[PDB]
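Asks: The structure that follows is given in the form of structure tokens.
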Amino acid sequence: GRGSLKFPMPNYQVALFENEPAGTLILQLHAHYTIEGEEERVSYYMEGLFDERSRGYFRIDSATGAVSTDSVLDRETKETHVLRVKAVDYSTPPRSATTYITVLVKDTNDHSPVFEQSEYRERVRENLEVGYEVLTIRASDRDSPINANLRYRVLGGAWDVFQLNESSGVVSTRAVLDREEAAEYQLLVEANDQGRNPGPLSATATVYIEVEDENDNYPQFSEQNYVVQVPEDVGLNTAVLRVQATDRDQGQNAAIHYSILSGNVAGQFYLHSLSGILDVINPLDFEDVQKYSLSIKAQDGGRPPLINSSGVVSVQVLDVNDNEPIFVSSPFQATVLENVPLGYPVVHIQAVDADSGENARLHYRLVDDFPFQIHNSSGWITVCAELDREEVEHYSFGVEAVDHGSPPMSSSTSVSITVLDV
Ligand SMILES: [Ca+2]
Ligand SMILES: [Ca+2]
Ligand SMILES: [Ca+2]
Ligand SMILES: [Ca+2]
Ligand SMILES: [Ca+2]
Ligand SMILES: [Ca+2]
Ligand SMILES: [Ca+2]
Ligand SMILES: [Ca+2]
Ligand code: NA
């Protein structure tokens with residue numbers, strides 16, 4: 004051609020996306036002589052205005068002003084390249100037109116949010132007031148602010164239980180907690196870009212909330228009233244019952260120790276404070292006391308320990324043949340007339356067993392032509408065939424009394440009956 008070789012414009016401000024498949028055309032540049040050339044013979048060329056490696060990411064067609072990516076771009080890597088392109092002429096006074104491209108890469112939500120911590124290992128205490136700030140999640144997206152407008156939702160789990168601020172990302176109790184109800188908690192959160200450019204992006208974290216204990220459950224006694232039965236005859240330091248209670252709480256808040264409040268005056272029972280184990284530790288006697296009932300007290304090991312002093316062990320002693328029958332008056336004296344009729348009461352044999360049941364009930368018997396008989400129950404000795412002094416003046420036999428007892432203890436004594444004149 005002829006005249007000054009130029010470009011329409013000394014400089015251009017194109018702008019493309021972040022990921023744009025290699026070879027993405029950008030600008031068509033055309034040099035133009037002032038006086039239209041018959042034989043315009045024009046080479047284009049290009050460089051990176053600053054650093055050689057920013058050149059390496061574009062190309063031109065030396066032939067036309069074709070300007071395309073030599074590789075997919077990425078904003079986070081470089082947010083702007085700046086290129087300088089020159090046209091060249093084979094004229095004997097060789098001609099150059101000189102121009103500048105400002106490329107500006109745009110974001111494409113290529114990155115997804117990233118949690119500062121892959122999973123959260125956290126812990127709340129129970130009977131803690133509503134809306135208690137438990138914990139706060141953070142994530143981060145290396146993307147333009149519109150592909151990093153983070154919004155945290157509880158994807159699943161406890162959602163009923165705890166609350167998440169969609170923006171703040173702050174876990175908060177939605178009701179008073181209760182460990183005894185609810186040991187541990189699992190909830191799976193989600194951080195979302197609210198991404199625009201291709202769409203949104205997200206990644207999730209598991210948050211493990213462990214509920215921490217508080218002495219809030221009293222220890223309940225296993226049986227309401229623990230009924231129990233001892234032979235008076237029981238051997239010493241012998242076990243009788245294993246009182247037990249349980250505390251729904253955990254750690255030392257469930258640790259229990261037992262102890263007597265009442266009824267074990269005059270020893271005769273010891274409570275092993277950790278066993279819960281009741282041992283007669285001294286002789287029992289049914290004839291002294293037939294029955295205990297002794298209140299028992301179960302205690303936590305908490306900061307404020309709790310207490311259940313509504314413990315009851317109603318004990319019942321059982322009789323044994325330790326006592327032997329024993330008479331009103333061991334010397335038994337009688338004076339029967341001879342003319343008294345048949346089946347006539349002479350004397351009343353009376354004995355007594357301290358023992359209680361059949362260990363008390365007495366069968367009488369006699370220990371020697393004998394003119395007397397004895398009632399086995401009443402202990403009355405009546406007459407049987409008449410007699411006169413001349414053949415028999417005076418009688419001296421015995422009488423023997425017995426328990427209806429397991430080993431039947433018995434005792435006997437003697438009776439005197441002087442027959443008398445009409
Ligand atoms: Ca991006
Ligand atoms: Ca993003
Ligand atoms: Ca509780
Ligand atoms: Ca508790
Ligand atoms: Ca407790
Ligand atoms: Ca006794
Ligand atoms: Ca007895
Ligand atoms: Ca007896
Ligand atoms: Na990218």
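Residue numbers (the authors' numbering): 4 to 371, 392 to 445.
Cβ coordinates follow ideal geometry from the N, Cα and C atoms, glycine included.
Would you call the stretch 175–194 in contact with the stretch 223–240, where contact means no fewer than 3 C-beta pairs closer than 8 Å?
Replies: Flag = no, the stretch 175–194 and the stretch 223–240 do not touch.
Asks: Quick one, which of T338, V422, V283, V425 has its alpha-carbon nearest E416's?
Replies: The shortest Cα separation from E416 among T338, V422, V283, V425 belongs to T338.
Asks: Who are the Cβ neighbours of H427 in its own chain at under 6 Å, not counting the five residues just before and after it?
Replies: Hits under 6 Å: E361, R364.
Asks: Could you work out which residue in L277, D282, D325 is closest to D303 when comparing CA atoms only?
Replies: Closest option to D303, Cα to Cα, is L277.
Asks: Assess contact between the stretch 283–302 and the stretch 259–273, defined as three or more Cβ pairs (one per stretch) separated by less than 8 Å. Is contact present?
Replies: Short answer: they touch.
Asks: Is the beta carbon of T436 sitting closer than 8 Å to the one on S333?
Replies: Yes, the pair counts as a contact, with Cβ atoms nearer than the cut-off.
Asks: To the nearest angstrom, how far is the alpha carbon of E226 from that of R141?
Replies: Distance between the alpha carbons of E226 and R141: 52 Å.
Asks: Could you pull out every residue in the same chain whose Cβ sits closer than 7 Å to the Cβ of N240, ignoring the five residues on either side in sequence?
Replies: Only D282, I284 meet the Cβ criterion.
Asks: Can you give, in chain order, each stretch of the beta strand (DSSP E) that sits fully within the stretch 50–106 and has at least 3 residues?
Replies: With a minimum length of 3 residues, the continuous beta strand (DSSP E) runs that stay inside the stretch 50–106 are 61–63, 68–72, 83–92.
Asks: Please state the DSSP three-state secondary structure of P203.
Replies: In the structure shown, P203 sits in coil (DSSP, three-state: anything other than H, G, I, E or B).
Asks: How long is the line joining the alpha carbons of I397 and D444, rounded to whole angstroms?
Replies: Using only the alpha carbons, I get a separation of about 24 Å.
Asks: Examine ligand 5 and report whether any of its heavy atoms sits within less than 7 Å of the Cβ of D303.
Replies: For ligand 5, at least one heavy atom lies less than 7 Å from the Cβ of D303.
Asks: Pull the bridge partners of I310 from the DSSP assignment, please.
Replies: Answer is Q302.
Asks: Rounded to whole angstroms, what is the Cα-Cα separation between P328 and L345?
Replies: One C-alpha to the other measures close to 30 Å.
Asks: From the DSSP output, which residues share a beta bridge with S175?
Replies: Bridge partners of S175: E136, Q166.
Asks: Is there contact here, the stretch 95–107 with the stretch 133–153, by at least three beta-carbon pairs under 8 Å?
Replies: No contact exists between the stretch 95–107 and the stretch 133–153.
Asks: Quick check on the DSSP output: the beta strand (DSSP E) that includes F395 runs from which residue to which?
Replies: First-last of the beta strand (DSSP E) with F395: 395–397.
Asks: Should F289 be counted as a contact of ligand 6 given a C-beta to heavy atom distance under 7 Å?
Replies: Because some heavy atom of ligand 6 lies under 7 Å away, the Cβ of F289 counts as near it: yes.
Asks: Using a Cβ-Cβ cutoff of less than 6 Å, which residues in the same chain neighbour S57 once the five nearest sequence positions on both sides are dropped?
Replies: Closer than 6 Å at Cβ, skipping near neighbours: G51, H84.
Asks: Taking Cβ positions, are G26 and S71 nearer each other than 8 Å?
Replies: In this structure, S71 lies closer than 8 Å to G26 by Cβ.
Asks: Given that a residue counts as buried once 16 or more other Cβ atoms are within 10 Å of its Cβ, and exposed if not, what is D252?
Replies: Counting Cβ neighbours within 10 Å, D252 comes out buried, since at least 16 surround it.
Asks: Rank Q247, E213, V406, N218 by C-alpha distance to the C-alpha of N228 and give the top, closest one.
Replies: Comparing Cα positions, the closest option is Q247.
Asks: If you follow the beta strand (DSSP E) that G270 is part of, which residue opens it and which one closes it?
Replies: Counting along the chain, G270 falls outside any beta strand (DSSP E), and DSSP gives it neither H nor E.
Asks: If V406 sits next to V349, beta carbons under 8 Å apart, how far is it from one beta carbon to the other, in whole angstroms?
Replies: Confirmed, about 6 Å.
Asks: State the CB to CB distance for the pair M49 and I63, rounded to an integer number of angstroms; the pair is presumed to be in contact (CB under 8 Å).
Replies: Right, the Cβ-Cβ distance comes to about 5 Å (below 8 Å), so this counts as a contact.
Asks: With which residues is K294 paired in a DSSP beta bridge?
Replies: In DSSP, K294 forms a bridge with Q319.
Asks: Between which two residues does the beta strand (DSSP E) carrying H351 extend?
Replies: Looking at the DSSP string, the run of the beta strand (DSSP E) that includes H351 is 348–351.
Asks: With DSSP as the reference, please indicate the residues paired to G160 in a beta bridge.
Replies: BP columns for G160 point to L190.
Asks: Note down the Cα distance separating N200 from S171, rounded to an integer number of angstroms.
Replies: Each residue's alpha carbon lies about 24 Å from the other.
Asks: Relative to the C-alpha of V106, which candidate in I404, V17, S400, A301 has its C-alpha closest?
Replies: When each option's Cα is compared against that of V106, the closest is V17.
Asks: Closest to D322 by C-alpha separation, out of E409, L158, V292, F224, would be which residue?
Replies: Residue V292 is the option with its Cα nearest to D322.
Asks: Any heavy atom of ligand 1 closer than 7 Å to the Cβ of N112?
Replies: Yes - ligand 1 has a heavy atom lying nearer than 7 Å to the Cβ of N112.
Asks: Answer with buried or exposed for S143, where buried requires no fewer than 16 other C-beta atoms within 10 angstroms of its C-beta.
Replies: So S143 counts as exposed.
Asks: Between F330 and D392, what straight-line distance do the alpha-carbon atoms span, to the nearest angstrom?
Replies: So the two alpha carbons sit approximately 27 Å from each other.
Asks: Could you tell me whether any non-hydrogen atom of ligand 9 is closer than 7 Å to the CB of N22?
Replies: At least one heavy atom of ligand 9 is nearer than 7 Å to the Cβ of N22, so yes.
Asks: Output the distance between the C-alpha atoms of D73 and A178, rounded to the nearest integer angstrom.
Replies: Each residue's Cα considered, the two are about 59 Å apart.
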